[PDB]
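A.B. asks: Structure below; questions to follow.
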Amino acid sequence: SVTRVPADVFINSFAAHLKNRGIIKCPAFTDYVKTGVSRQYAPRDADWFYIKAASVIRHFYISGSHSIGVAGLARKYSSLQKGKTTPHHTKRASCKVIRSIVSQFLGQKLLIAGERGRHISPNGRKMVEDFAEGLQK
Amino acid sequence: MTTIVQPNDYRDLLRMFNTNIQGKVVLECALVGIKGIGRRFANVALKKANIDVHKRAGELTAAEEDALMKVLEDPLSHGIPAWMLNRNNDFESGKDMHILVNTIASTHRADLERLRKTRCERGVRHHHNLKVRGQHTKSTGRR
Amino acid sequence: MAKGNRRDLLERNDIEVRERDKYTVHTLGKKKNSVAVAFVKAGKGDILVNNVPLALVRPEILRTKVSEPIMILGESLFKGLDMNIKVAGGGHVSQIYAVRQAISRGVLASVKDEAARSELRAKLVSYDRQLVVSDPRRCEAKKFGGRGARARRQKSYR
Amino acid sequence: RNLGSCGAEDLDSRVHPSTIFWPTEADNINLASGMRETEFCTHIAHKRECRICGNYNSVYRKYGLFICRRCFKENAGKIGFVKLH
Amino acid sequence: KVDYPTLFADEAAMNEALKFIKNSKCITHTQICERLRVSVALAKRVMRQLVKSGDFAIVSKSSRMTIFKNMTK
Amino acid sequence: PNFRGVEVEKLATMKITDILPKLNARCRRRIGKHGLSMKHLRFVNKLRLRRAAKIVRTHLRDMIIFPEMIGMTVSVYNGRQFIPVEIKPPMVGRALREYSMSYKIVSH
Amino acid sequence: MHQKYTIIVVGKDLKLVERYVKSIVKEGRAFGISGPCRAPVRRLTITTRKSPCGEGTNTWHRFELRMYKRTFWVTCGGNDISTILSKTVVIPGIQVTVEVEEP
RNA sequence: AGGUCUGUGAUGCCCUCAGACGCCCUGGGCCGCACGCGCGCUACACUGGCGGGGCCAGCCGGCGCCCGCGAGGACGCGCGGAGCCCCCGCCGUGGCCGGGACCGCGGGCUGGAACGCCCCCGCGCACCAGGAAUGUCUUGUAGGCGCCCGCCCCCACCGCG
């Protein structure tokens, strides 16, 4: 399965695949935003959106039957606020970008809702696993 | 990147807005040497101008240098928002601009004059040099 | 998030019930607040931690630390059997050590010949003793004179 | 001064008919039920106080107690709080 | 105080740095920085070129530090 | 000598609601949401009557300034003394606190 | 008939709570079953200055109130409206041990 | 003759008692600043800073959807856990991308009421490991890293853990 391969190669390989295959696209507001109040400058790569997308889908697959809300994901992308001559404190990430990603995924039926939150759909499991096995070699 | 050798047109030290800039620094951190430009505003400006950002400022051909000027006097047209600017809702014309060198010093001087003749608390305090915000004096802050 | 003493862990209801009954052995490891539960059975040499193999545990440098008993005893026994560990409690390193303790203790229980069990004990404890015997020391409480268990607030005489 | 009216412009700007948030604190239903009377006690504000000695300082609201720290050590044993560990 | 460049001024790359390094058994980014008085980044780029060519090879790698061995002898 | 592009001569005799969207967050909150309280409204009305028809004294140090209060003189309290304030456009949208000092500068 | 009734008992001291437990288990073996659930102990904590004035060494009191709770919901349909009463009056009447019954 | 009559329907003797030291209202102040010192917090960098990703706690513990760069907001239900660290890259000894005080435009929250607290763009102070002098510490300890409660309309560089 996906957990039998290191997370590092899967994420970036799958991001490239996603970007090639027109599944998702970076909107316009990406050209001038951070990913959190905790941050300080903007990302240095031009393809950070698809990295986030892949990490998210992997998160959704891991959980399985469970359901994940947007903010709960945003607590997995937190950091630390520095530069205040005051003890540092942890802060939550952003939610607009996460929301856009899940909406884009759900419009493709890779992701399905429920009583609360969303969870992976069988098609998502199919594609994730087939890609993982393909890169297993 | 993959620029090892100085290009034939490498320009060892750039002058712009009366300030001078060196060509060994990466581009977006050199412009920070201007007064009115920082990290956030620079990445945004260059990108709109189709300029590489991880480049040494000495390989900045003048063709890319001029288009950059064209974007720092009329930035709002070029797609940049209005919460990213230095001066939002000017006190007179009510518009929004970005003020670079020389403009800042003149602008800062006139507000104090506005503050002085109007007879506020801040203006009187500025002229004996005290804390303007509510940060406490007395303790600490001594020779 | 996990708590170690939860009933949902000690019984390992994670496994499905028809498969939960093929696991004969049971085992425990621990270190600090960390606890690991192992369900050992018969197979052909496969190990898993939180649904992840042993080669891809995360601190990277300690992979040898968890593989120790294999290269000590030898791979014959482990090749004979198949295991499925699950751990939950404070810290990456604590989890590592708890896991290795559980490995060793469980493979010790698989053999029924007490004599061999004692021989293996001697073979293994000599190299290290925390592979069988849990480390007892645990975090200690603080007092109101200061911001530490034994440190005190600085005192100004004049 | 009932015959006192104001311009309509100066009427819609008036605060919306909303109950002032400051509700005070009624430790028990007994202690209330909702010239000088115009301004006897119009400054409504929380007035939480010890239910023993009536002081407005250092009042443990935790657990719905409302007992001063000083007025507490005495009655703590009766209540059931004990000192161990 | 001291300053070092970030970009090689043309013939400088080959008339020395390439020559010098090729006559070294072991090397690192920082050594070469301190040796011929250039910044570290240029060292990174150059060593990339060279491992591509084949003279040097990696023996230990890591984000903080990697070290090479001269496979030309 | 303008005000957000608005001409001064027009600025006076204008209603607050016309300019409110061209003010800061505090004013918009206080007005559009928290409304206003009765005594302030009577202070405004008294001002109107005086204009239509002596320095107006008061205690309100937290009273935002309206366009109809241009060129007026009003005396406000520091905690001990009543202090005149003369209004002019650039003083609009602000409280009376700034223009009445409760202390004096410290000279040793 | 069947009313899914549940028994909850609360106490601050651990000696009667266990005594009440035994009586109930003894008296509910017939009217169905009544096996207990022991809850995590809710411990109330209060830290106070030992001094009324704030003088000398800063020394602190450490009070607490442990509250123990047990829950027999095992009656269930095995008890009728009157049948719950039977035992509840046959069990000892310890002075302090709050009890509430709900379906 | 240590501290507490300013914790109390604990109190002796004095003082105040209808222009009140009683009680209630409106404002101001307790925070003001040429100066001496006590407990703390943040740093002086490569055994590091920035950007991206992976991942585990305990006293214990609440969440979805949609707007908004964000902080926050409108609706609707009962459900739920992090920093250091590890991996990949950029910077390259420059008071520099170290450090984040001060100041100039702007957007919001609490509240009857901002002088209070949060977020965004720009400006970018002292500081190169600290004299005479001095404090604390023996195993899950020192130190480093963060997380909860108390007081609380809002707010923790404090305090208990």
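Every chain in the structure tokens takes a letter, A first, then B, and so on in the order presented; its residues are numbered from 1, and the ligands are numbered from 1 following the presented order.
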Using only C-alpha atoms (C1' of nucleotides) and a distance of at most 12 Å, pull out the residues of chain H that contact chain B, as a ChimeraX atom specification.
C.D. replies: /H:31-37,69-70,90-92,94,96-97,101-107,114-116,119-126
A.B. asks: For chain D, report every residue with an atom at most 7 Å from chain G (counting only C-alpha atoms), formatted as a list in words.
C.D. replies: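 Matching residues, ligands excluded from the count: residues 69, 70, 80, 81, 82 and 83 of chain D.
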A.B. asks: With only C-alpha atoms (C1' of nucleotides) as the counted atoms, please give the residues lying no more than 7 Å from stretch 19-33 of chain E, apart from itself and same-chain residues fewer than 4 positions off, as a VMD selection string.
C.D. replies: chain E and resid 14 to 15 37 to 40 43 to 44 66 to 70
A.B. asks: Write out, as a JSON list (two decimals), in the first residue's frame, the residues just selected, with N, CA and C atoms.
C.D. replies:
```json
[["chain", "number", "residue", "atom", "x", "y", "z"],
["E", 14, "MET", "N", 38.13, 28.51, -15.05],
["E", 14, "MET", "CA", 38.95, 27.41, -15.54],
["E", 14, "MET", "C", 40.44, 27.65, -15.35],
["E", 15, "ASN", "N", 40.89, 28.91, -15.40],
["E", 15, "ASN", "CA", 42.33, 29.12, -15.34],
["E", 15, "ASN", "C", 42.90, 28.77, -13.98],
["E", 37, "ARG", "N", 38.92, 31.89, -2.00],
["E", 37, "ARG", "CA", 38.30, 33.15, -1.61],
["E", 37, "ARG", "C", 37.14, 33.49, -2.55],
["E", 38, "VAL", "N", 36.18, 32.59, -2.58],
["E", 38, "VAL", "CA", 34.92, 32.78, -3.26],
["E", 38, "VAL", "C", 33.81, 32.29, -2.35],
["E", 39, "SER", "N", 32.60, 32.76, -2.57],
["E", 39, "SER", "CA", 31.50, 32.35, -1.73],
["E", 39, "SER", "C", 31.15, 30.88, -1.96],
["E", 40, "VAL", "N", 30.34, 30.36, -1.05],
["E", 40, "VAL", "CA", 30.09, 28.92, -0.98],
["E", 40, "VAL", "C", 29.18, 28.47, -2.12],
["E", 43, "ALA", "N", 30.73, 27.34, -5.15],
["E", 43, "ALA", "CA", 31.29, 26.03, -4.91],
["E", 43, "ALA", "C", 30.27, 24.95, -5.17],
["E", 44, "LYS", "N", 29.06, 25.14, -4.66],
["E", 44, "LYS", "CA", 27.99, 24.18, -4.91],
["E", 44, "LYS", "C", 27.80, 23.95, -6.39],
["E", 66, "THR", "N", 28.16, 17.72, 2.47],
["E", 66, "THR", "CA", 28.54, 16.58, 1.66],
["E", 66, "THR", "C", 30.01, 16.72, 1.33],
["E", 67, "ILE", "N", 30.68, 15.59, 1.13],
["E", 67, "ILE", "CA", 32.10, 15.58, 0.87],
["E", 67, "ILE", "C", 32.37, 14.64, -0.28],
["E", 68, "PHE", "N", 33.38, 14.97, -1.06],
["E", 68, "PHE", "CA", 33.69, 14.28, -2.30],
["E", 68, "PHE", "C", 35.05, 13.61, -2.22],
["E", 69, "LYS", "N", 35.29, 12.74, -3.19],
["E", 69, "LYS", "CA", 36.56, 12.06, -3.35],
["E", 69, "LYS", "C", 36.97, 12.15, -4.80],
["E", 70, "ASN", "N", 38.25, 12.37, -5.03],
["E", 70, "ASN", "CA", 38.74, 12.53, -6.40],
["E", 70, "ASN", "C", 38.89, 11.17, -7.04]]
```
A.B. asks: Which of chain E end up as strand (DSSP E or B) when DSSP is run on this backbone - answer as a list in words?
C.D. replies: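 Those residues are residues 8, 26, 27, 56, 57, 58, 59, 60, 67, 68, 69 and 70 of chain E.
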A.B. asks: Need the shell around residue D:43: protein/DNA/RNA residues with any atom at most 12 Å away, counting only C-alpha atoms (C1' of nucleotides). Skip same-chain ones fewer than 6 positions apart. Format as number ranges by chain?
C.D. replies: D: 20-24; H: 24-26, 112-113
A.B. asks: Pull N, CA and C atoms (P, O5', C5', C4', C3', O3' and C1' of nucleotides) from the residues just selected and write them as a PDB file, in the first residue's frame.
C.D. replies:
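So the final result, stored in result.pdb, reads:
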```
ATOM      1  N   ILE D  20     -28.519  45.877  27.669  1.00  0.00           N
ATOM      2  CA  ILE D  20     -27.124  46.100  28.010  1.00  0.00           C
ATOM      3  C   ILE D  20     -26.527  44.792  28.502  1.00  0.00           C
ATOM      4  N   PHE D  21     -25.352  44.445  27.968  1.00  0.00           N
ATOM      5  CA  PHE D  21     -24.776  43.130  28.226  1.00  0.00           C
ATOM      6  C   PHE D  21     -24.496  42.913  29.705  1.00  0.00           C
ATOM      7  N   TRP D  22     -23.986  43.930  30.397  1.00  0.00           N
ATOM      8  CA  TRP D  22     -23.626  43.794  31.802  1.00  0.00           C
ATOM      9  C   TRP D  22     -24.837  43.234  32.545  1.00  0.00           C
ATOM     10  N   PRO D  23     -24.774  42.003  33.077  1.00  0.00           N
ATOM     11  CA  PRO D  23     -25.967  41.409  33.693  1.00  0.00           C
ATOM     12  C   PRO D  23     -25.929  41.345  35.212  1.00  0.00           C
ATOM     13  N   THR D  24     -24.822  41.768  35.815  1.00  0.00           N
ATOM     14  CA  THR D  24     -24.562  41.500  37.224  1.00  0.00           C
ATOM     15  C   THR D  24     -24.442  40.001  37.473  1.00  0.00           C
TER      16      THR D  24
ATOM     17  P     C H  24     -22.409  52.523  47.007  1.00  0.00           P
ATOM     18  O5'   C H  24     -23.205  53.531  46.073  1.00  0.00           O
ATOM     19  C5'   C H  24     -24.582  53.325  45.818  1.00  0.00           C
ATOM     20  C4'   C H  24     -25.167  54.409  44.956  1.00  0.00           C
ATOM     21  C3'   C H  24     -24.396  54.717  43.694  1.00  0.00           C
ATOM     22  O3'   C H  24     -24.665  53.790  42.666  1.00  0.00           O
ATOM     23  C1'   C H  24     -25.029  56.736  44.759  1.00  0.00           C
ATOM     24  P     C H  25     -23.858  53.894  41.294  1.00  0.00           P
ATOM     25  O5'   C H  25     -24.404  55.239  40.652  1.00  0.00           O
ATOM     26  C5'   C H  25     -23.792  55.760  39.492  1.00  0.00           C
ATOM     27  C4'   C H  25     -24.142  57.203  39.250  1.00  0.00           C
ATOM     28  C3'   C H  25     -23.196  57.928  38.323  1.00  0.00           C
ATOM     29  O3'   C H  25     -23.431  57.620  36.965  1.00  0.00           O
ATOM     30  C1'   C H  25     -23.657  59.288  40.195  1.00  0.00           C
ATOM     31  P     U H  26     -22.232  57.057  36.066  1.00  0.00           P
ATOM     32  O5'   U H  26     -21.484  58.381  35.606  1.00  0.00           O
ATOM     33  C5'   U H  26     -22.224  59.565  35.348  1.00  0.00           C
ATOM     34  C4'   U H  26     -21.330  60.701  34.937  1.00  0.00           C
ATOM     35  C3'   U H  26     -19.905  60.326  34.612  1.00  0.00           C
ATOM     36  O3'   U H  26     -19.766  59.723  33.343  1.00  0.00           O
ATOM     37  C1'   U H  26     -19.925  62.277  35.936  1.00  0.00           C
ATOM     38  P     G H 112     -22.274  46.614  26.886  1.00  0.00           P
ATOM     39  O5'   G H 112     -22.487  48.185  26.933  1.00  0.00           O
ATOM     40  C5'   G H 112     -23.545  48.788  26.212  1.00  0.00           C
ATOM     41  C4'   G H 112     -23.387  50.283  26.153  1.00  0.00           C
ATOM     42  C3'   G H 112     -22.037  50.787  25.677  1.00  0.00           C
ATOM     43  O3'   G H 112     -21.942  50.849  24.267  1.00  0.00           O
ATOM     44  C1'   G H 112     -22.644  51.910  27.660  1.00  0.00           C
ATOM     45  P     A H 113     -20.543  50.561  23.543  1.00  0.00           P
ATOM     46  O5'   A H 113     -19.566  51.671  24.125  1.00  0.00           O
ATOM     47  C5'   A H 113     -19.650  53.010  23.672  1.00  0.00           C
ATOM     48  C4'   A H 113     -18.786  53.936  24.491  1.00  0.00           C
ATOM     49  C3'   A H 113     -17.285  53.768  24.315  1.00  0.00           C
ATOM     50  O3'   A H 113     -16.779  54.531  23.234  1.00  0.00           O
ATOM     51  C1'   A H 113     -17.835  53.809  26.623  1.00  0.00           C
TER      52        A H 113
END
```
A.B. asks: Per residue of chain A within 8 Å of chain C, record the nearest atom pair and its distance in Å to one decimal, counting only C-alpha atoms, with rows in chain order and ascending residue number, as JSON lines.
C.D. replies:
```
{"residue": "A:3", "atom": "CA", "partner": "C:52", "partner_atom": "CA", "distance": 6.2}
{"residue": "A:4", "atom": "CA", "partner": "C:52", "partner_atom": "CA", "distance": 6.3}
{"residue": "A:6", "atom": "CA", "partner": "C:56", "partner_atom": "CA", "distance": 7.0}
```
A.B. asks: Those same residues - C-alpha atoms - I'd like them written as an mmCIF file, in the first residue's frame.
C.D. replies:
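Everything below was put into again_14.cif:
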```cif
data_model
loop_
_atom_site.group_PDB
_atom_site.id
_atom_site.type_symbol
_atom_site.label_atom_id
_atom_site.label_comp_id
_atom_site.auth_asym_id
_atom_site.auth_seq_id
_atom_site.Cartn_x
_atom_site.Cartn_y
_atom_site.Cartn_z
ATOM 1 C CA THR A 3 2.349 3.357 3.668
ATOM 2 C CA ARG A 4 4.827 0.777 2.374
ATOM 3 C CA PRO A 6 8.330 6.590 2.022
#
```
A.B. asks: From a DSSP calculation on the backbone, collect every residue of chain D in helix (DSSP H, G or I) and output the set as number ranges by chain.
C.D. replies: D: 9-12, 29-31, 36-38, 62-64, 70-73, 76-79
A.B. asks: For chain E, list the residues within 7 Å of chain B, counting only C-alpha atoms, and write the list as a PyMOL selection string.
C.D. replies: chain E and resi 5-10+42+45
A.B. asks: Which residues come within 12 Å of residue H:59, counting only C-alpha atoms (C1' of nucleotides), excluding same-chain residues fewer than 5 positions away, as a PDB file with N, CA, C and O atoms (P, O5', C5', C4', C3', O3' and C1' of nucleotides), in the first residue's frame?
C.D. replies:
```pdb
ATOM      1  N   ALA C 141       8.077  15.389  39.809  1.00  0.00           N
ATOM      2  CA  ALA C 141       7.230  16.552  40.034  1.00  0.00           C
ATOM      3  C   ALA C 141       8.036  17.792  40.386  1.00  0.00           C
ATOM      4  O   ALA C 141       9.209  17.713  40.756  1.00  0.00           O
TER       5      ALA C 141
ATOM      6  N   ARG G  43     -10.849  15.223  40.097  1.00  0.00           N
ATOM      7  CA  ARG G  43     -10.161  15.822  41.225  1.00  0.00           C
ATOM      8  C   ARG G  43     -10.196  17.329  41.047  1.00  0.00           C
ATOM      9  O   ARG G  43      -9.755  17.857  40.024  1.00  0.00           O
ATOM     10  N   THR G  45      -8.920  20.950  42.165  1.00  0.00           N
ATOM     11  CA  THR G  45      -7.677  21.478  42.692  1.00  0.00           C
ATOM     12  C   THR G  45      -7.793  22.967  42.941  1.00  0.00           C
ATOM     13  O   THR G  45      -8.312  23.715  42.110  1.00  0.00           O
TER      14      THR G  45
ATOM     15  P     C H 147       2.890  26.777  22.889  1.00  0.00           P
ATOM     16  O5'   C H 147       2.187  25.638  23.745  1.00  0.00           O
ATOM     17  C5'   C H 147       1.661  24.483  23.113  1.00  0.00           C
ATOM     18  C4'   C H 147       0.945  23.587  24.088  1.00  0.00           C
ATOM     19  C3'   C H 147      -0.159  24.247  24.888  1.00  0.00           C
ATOM     20  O3'   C H 147      -1.363  24.351  24.157  1.00  0.00           O
ATOM     21  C1'   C H 147       1.199  22.960  26.330  1.00  0.00           C
ATOM     22  P     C H 148      -2.578  25.216  24.738  1.00  0.00           P
ATOM     23  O5'   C H 148      -3.104  24.340  25.954  1.00  0.00           O
ATOM     24  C5'   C H 148      -3.997  24.899  26.897  1.00  0.00           C
ATOM     25  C4'   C H 148      -4.118  24.045  28.127  1.00  0.00           C
ATOM     26  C3'   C H 148      -4.822  24.711  29.292  1.00  0.00           C
ATOM     27  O3'   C H 148      -6.229  24.613  29.186  1.00  0.00           O
ATOM     28  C1'   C H 148      -2.812  23.712  30.043  1.00  0.00           C
ATOM     29  P     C H 149      -7.172  25.746  29.818  1.00  0.00           P
ATOM     30  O5'   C H 149      -7.475  25.197  31.278  1.00  0.00           O
ATOM     31  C5'   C H 149      -8.189  25.987  32.211  1.00  0.00           C
ATOM     32  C4'   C H 149      -7.585  25.894  33.584  1.00  0.00           C
ATOM     33  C3'   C H 149      -7.660  27.161  34.410  1.00  0.00           C
ATOM     34  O3'   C H 149      -8.914  27.318  35.040  1.00  0.00           O
ATOM     35  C1'   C H 149      -5.473  26.260  34.523  1.00  0.00           C
ATOM     36  P     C H 160       5.292  29.221  41.232  1.00  0.00           P
ATOM     37  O5'   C H 160       3.944  28.381  41.148  1.00  0.00           O
ATOM     38  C5'   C H 160       3.081  28.292  42.269  1.00  0.00           C
ATOM     39  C4'   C H 160       1.936  27.345  42.032  1.00  0.00           C
ATOM     40  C3'   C H 160       2.313  25.954  41.569  1.00  0.00           C
ATOM     41  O3'   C H 160       2.731  25.111  42.620  1.00  0.00           O
ATOM     42  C1'   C H 160       0.512  26.766  40.271  1.00  0.00           C
ATOM     43  P     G H 161       3.550  23.788  42.260  1.00  0.00           P
ATOM     44  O5'   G H 161       2.565  22.989  41.301  1.00  0.00           O
ATOM     45  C5'   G H 161       3.054  22.007  40.403  1.00  0.00           C
ATOM     46  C4'   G H 161       2.048  21.683  39.333  1.00  0.00           C
ATOM     47  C3'   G H 161       2.496  20.725  38.251  1.00  0.00           C
ATOM     48  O3'   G H 161       2.482  19.372  38.659  1.00  0.00           O
ATOM     49  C1'   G H 161       1.359  22.544  37.275  1.00  0.00           C
TER      50        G H 161
END
```
A.B. asks: Near chain G, which residues of chain C fall within 12 Å when you count only C-alpha atoms, and what do they look like as a PyMOL selection string?
C.D. replies: chain C and resi 143-146+153+155
A.B. asks: Could you write out that same residue set with C-alpha atoms as a PDB file, in the first residue's frame?
C.D. replies:
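And here is the file that came out, part.pdb:
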```
ATOM      1  CA  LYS C 143       7.734  22.462  43.638  1.00  0.00           C
ATOM      2  CA  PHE C 144       6.527  25.989  44.280  1.00  0.00           C
ATOM      3  CA  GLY C 145       9.805  27.645  45.235  1.00  0.00           C
ATOM      4  CA  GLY C 146      10.718  27.914  41.568  1.00  0.00           C
ATOM      5  CA  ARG C 153      14.277  31.127  42.304  1.00  0.00           C
ATOM      6  CA  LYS C 155      17.776  35.125  45.722  1.00  0.00           C
TER       7      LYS C 155
END
```
A.B. asks: Which residues, written as a PyMOL selection string, have at least one atom at most 7 Å from residue A:92, with only C-alpha atoms (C1' of nucleotides) counted and residues fewer than 4 positions away on the same chain left out?
C.D. replies: chain A and resi 36+74-75+78
A.B. asks: Can you write out the residues you just picked, keeping N, CA and C atoms, as a tab-separated table (two decimals), in the first residue's frame?
C.D. replies:
```
chain	number	residue	atom	x	y	z
A	36	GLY	N	0.15	31.12	6.29
A	36	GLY	CA	-0.18	31.24	7.68
A	36	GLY	C	0.31	32.50	8.34
A	74	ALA	N	-5.64	22.08	9.03
A	74	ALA	CA	-4.83	23.27	9.21
A	74	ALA	C	-4.02	23.24	10.49
A	75	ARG	N	-4.37	22.39	11.43
A	75	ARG	CA	-3.58	22.18	12.63
A	75	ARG	C	-2.42	21.23	12.39
A	78	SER	N	0.68	23.82	10.99
A	78	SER	CA	0.99	24.95	11.84
A	78	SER	C	2.50	25.15	11.94
```
A.B. asks: Specify as a PyMOL selection string all residues of chain A found within 8 Å of chain B, counting only C-alpha atoms.
C.D. replies: chain A and resi 31-32+41-42
A.B. asks: Those same residues, written as a tab-separated table (two decimals), in the first residue's frame with N, CA and C atoms?
C.D. replies:
```tsv
chain	number	residue	atom	x	y	z
A	31	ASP	N	-0.57	34.22	-6.13
A	31	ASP	CA	0.60	34.96	-6.54
A	31	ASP	C	1.11	35.90	-5.47
A	32	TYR	N	0.42	36.00	-4.34
A	32	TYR	CA	0.85	36.91	-3.32
A	32	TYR	C	0.20	36.57	-1.99
A	41	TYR	N	7.41	35.12	5.18
A	41	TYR	CA	7.57	35.40	3.77
A	41	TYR	C	6.84	34.35	2.95
A	42	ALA	N	6.78	34.59	1.66
A	42	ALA	CA	6.03	33.72	0.78
A	42	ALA	C	6.88	32.56	0.29
```
A.B. asks: At a cut-off of 9 Å, using only C-alpha atoms (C1' of nucleotides), what residues contact stretch 117-125 of chain A? Leave out same-chain residues fewer than 2 positions from it and give the result as a PyMOL selection string.
C.D. replies: (chain A and resi 57+60-61+63-70+102+106+109-115+127-130) or (chain H and resi 64-65)
A.B. asks: Residues of chain H within 12 Å of chain A, counting only C-alpha atoms (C1' of nucleotides) - could you list those as a PyMOL selection string?
C.D. replies: chain H and resi 40-43+49-55+62-71+76-84+87-90+97-101+118-120+145-147+156-157
